[PDB]
Amino acid sequence: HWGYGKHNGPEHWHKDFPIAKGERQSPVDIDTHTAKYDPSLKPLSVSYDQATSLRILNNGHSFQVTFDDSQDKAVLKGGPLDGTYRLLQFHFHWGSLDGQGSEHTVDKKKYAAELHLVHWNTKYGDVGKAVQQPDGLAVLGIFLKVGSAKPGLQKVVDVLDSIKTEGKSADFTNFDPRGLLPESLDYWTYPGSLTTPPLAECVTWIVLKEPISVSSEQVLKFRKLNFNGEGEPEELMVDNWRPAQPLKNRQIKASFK
Ligand SMILES: NS(=O)(=O)c1ccc(O)c(NC(=O)NCCc2ccccn2)c1
Ligand SMILES: [Zn+2]
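Numbered according to the deposited numbering, the sequence shown spans residues 4 to 125, 127 to 261.
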């Protein structure tokens with residue numbers, strides 16, 4: 004089974020998921036001087052006021068907060084998108100040290116972590133159908149750097165000790181994901197893929213230029229999670245990121261100058 008170790012990590016994934024070598028894989032390095040400003044791109048519309056968080060889960064590859072996606076409660080619209088995308092979950096990728104952890108890079112710079120807010124296109129009715137479509141998902145990616153604390157992350161950090169090992173979950177209601185967003189919604193966008201198996205080429209990526217800052221204490225709590233299940237040899241959940249993949253026949257567009 005796939006993971007992030009020497010014998011099951013990203014360089015092995017293509018054996019079970021041959022699309023790993025496909026034409027629109029993620030993440031990628033964002034070369035800021037080569038991204039082209041597109042004046043036709045609209046502002047992103049992030050409408051999270053009615054979000055209903057449900058549960059937080061350690062799935063053995065990250066921790067995920069899930070939302071009620073049975074109605075248009077927390078939706079992403081505008082930007083490069085046509086139609087309405089419902090928020091299903093968010094999760095993070097992070098490093099063993101502050102100089103690595105992000106999936107996307109910016110002029111080869113790696114951030115300490117990366118937040119993925121995962122949304123699916125309501127025209128396909130459910131996320132399983134959306135993953136089989138080239139415009140099925142929109143993932144809003146937000147970089148994390150280490151410095152000052154992010155107060156809106158603290159409720160997440162404080163429950164992680166209850167989901168230490170793979171398969172554990174907890175009720176996580178009334179969490180407001182607006183507390184995770186930076187000031188600016190300036191973004192880069194490109195067509196890509198899921199960054200974990202099945203690596204489906206179904207994602208419009210929207211990566212925010214402005215990182216959020218989190219404290220060293222907050223990221224240390226991420227690094228105390230375990231990849232293993234309870235009772236198995238402890239392997240800290242760190243470095244759960246896929247490296248940048250070939251850009252191939254794609255242009256990254258910027259919403260800003
Ligand atoms: N990391 S990401 O590109 O935001 C992203 C977003 C939504 C997703 O469903 C995934 N992939 C994911 O959750 N995979 C779960 C594990 C799995 C599911 C199906 C087959 C093999 N492995 C990644
Ligand atoms: Zn992700």
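All C-beta atoms, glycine included, are put in the ideal place defined by N, C-alpha and C.
- Distances taken from the Cβ of residue 207 to the heavy atoms of ligand 1 include one shorter than 7 Å.
- At least one heavy atom of ligand 2 sits closer than 7 Å to the Cβ of residue 199.
- Exposed is the label assigned to residue 10, since fewer than 16 other Cβ atoms lie within 10 Å of its Cβ.
- CA-to-CA, the gap between residue 166 and residue 234 works out to about 12 Å.
- Counted as a single uninterrupted DSSP element, the stretch harbouring residue 103 is not any alpha helix (DSSP H), since DSSP gives it neither H nor E.
- Relative to ligand 2, residue 119 has its C-beta within less than 7 Å of a heavy atom.
- When secondary structure is reduced to three states using DSSP, residue 145 falls in the strand class.
- For residue 116, the enclosing beta strand (DSSP E) stretches over residues 116-124.
- Runs of the beta strand (DSSP E) spanning 3 or more residues and lying entirely within the stretch 146-199 occur at 173-175 and 191-196, in chain order.
- Inclusion of residue 143 in the 7 Å shell around ligand 1 follows from its C-beta lying nearer than that to a non-hydrogen atom of the ligand.
- As DSSP reads the structure, residue 56 sits in a beta bridge with 70.
- Here the alpha carbon of residue 240 sits roughly 11 Å from the alpha carbon of residue 64.
- In this structure, residue 69 places its C-beta atom within 8 Å of the C-beta atom of residue 91.
- Here residue 96 is bridged, per DSSP, to 117.
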